[PDB]
């Protein structure tokens, strides 16, 4: 059995039904090495795939690249190969002043500012994580000693206008996203990232278990553009450990 993009087979996964899915291909090996016997499987495009053992159980680590589209491909093809549980880890920008750099966020629900989520469920469907994964992620994050926030994540198909950044080439933002950061802020939204809406909606509507944990590397009340990453991947691995049956 083969897949179009990931360059791996079901056999390469060694019966793994859980995958950790960072965005950056270069973080895949780093995640894999936190577990036992990390093995490089394949590397094509933004998709770097590693396999490792966690408490004697096979775990896949597969980068998604940036954004819902490349993420949806990874999730689908991993699903075709037996993966049922997806643990998202990444960096994020906080929009609440009380959420500090270094804090960890576990997404209880995503504002669907993406297009890919709509390819699995209409907008009315909630971009919500599997409750067990969100629970495992909260537990792993809190046990690590990190400061953890459970709440809503604004998930944008763009890094710049969709997160209302103005230090850009045009220096402007389409009507929809003008004043949007303050809007999300007033609505209690914790942070911005770019994959959770797609991942959560796709999985919640496909019989797949998913959750998102993110390390805050910037607070948007302070500035627009930028370890926390190291602690984040330790957390997602322990979250994976908690998810293992």
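Residue numbers count along the first chain shown, from 1. Whichever C-alpha set is largest while still superposing within 1.5 Å between the two forms counts as the rigid core.
Engineer: When the core is superposed, where do the C-alphas shift more in 8 other deposited structures of this protein: in 164-172 or in 68-76?
Structural biologist: Between 164-172 and 68-76, greater C-alpha deviation in 8 other deposited structures of this protein belongs to 164-172.
Engineer: After superposing on the rigid core, which of 27-35 and 214-222 has its C-alpha atoms sitting farther from this form in 8 other deposited structures of this protein?
Structural biologist: Higher average C-alpha offset in 8 other deposited structures of this protein goes to 214-222.
Engineer: Which fits the stretch between residue 226 and residue 227: none, 1 to 3, 4 to 9, or 10 or more deposited residues lacking coordinates?
Structural biologist: Missing residues, residue 226 to residue 227: 4 to 9.
Engineer: As stated in the PDB record, which stretch has the larger average Cα B-factor, 74-82 or 94-102?
Structural biologist: Here the higher of the two C-alpha B-factor means belongs to 94-102.
Engineer: Quick check: 27-35 versus 185-193, which has the larger average CA B-factor in the record?
Structural biologist: The recorded data point to 27-35.
Engineer: Which listed residue, 60, 54, 208, 199, has the largest C-alpha temperature factor in the record?
Structural biologist: 54 has the highest C-alpha B-factor of those listed.
Engineer: For the C-alpha B-factor as written in the entry, point me to the maximum among 107, 147, 135, 156.
Structural biologist: Checking the PDB record, the top C-alpha B-factor among 107, 147, 135, 156 is at 147.
Engineer: Is the Cα B-factor recorded for residue 42 in the lowest, middle or highest third of its chain?
Structural biologist: Highest third of the chain for residue 42's C-alpha B-factor.
Engineer: So where's residue 222 on the chain's Cα temperature factor ranking, which third?
Structural biologist: It belongs to the middle third of the chain when residues are ordered by C-alpha B-factor.
Engineer: For residue 237, return the chain-relative third of its C-alpha B-factor as stated in the PDB record: lowest, middle or highest.
Structural biologist: Tercile = middle for this residue's CA B-factor.
Engineer: Would you mind checking where the Cα B-factor of residue 178 ranks among the modelled residues of its chain, as the lowest, middle or highest third?
Structural biologist: Tercile = highest for this residue's CA B-factor.
Engineer: Is residue 88 in the lowest, middle or highest third of its chain when residues are ranked by C-alpha B-factor?
Structural biologist: According to the entry, residue 88 has a C-alpha B-factor in the chain's middle third.
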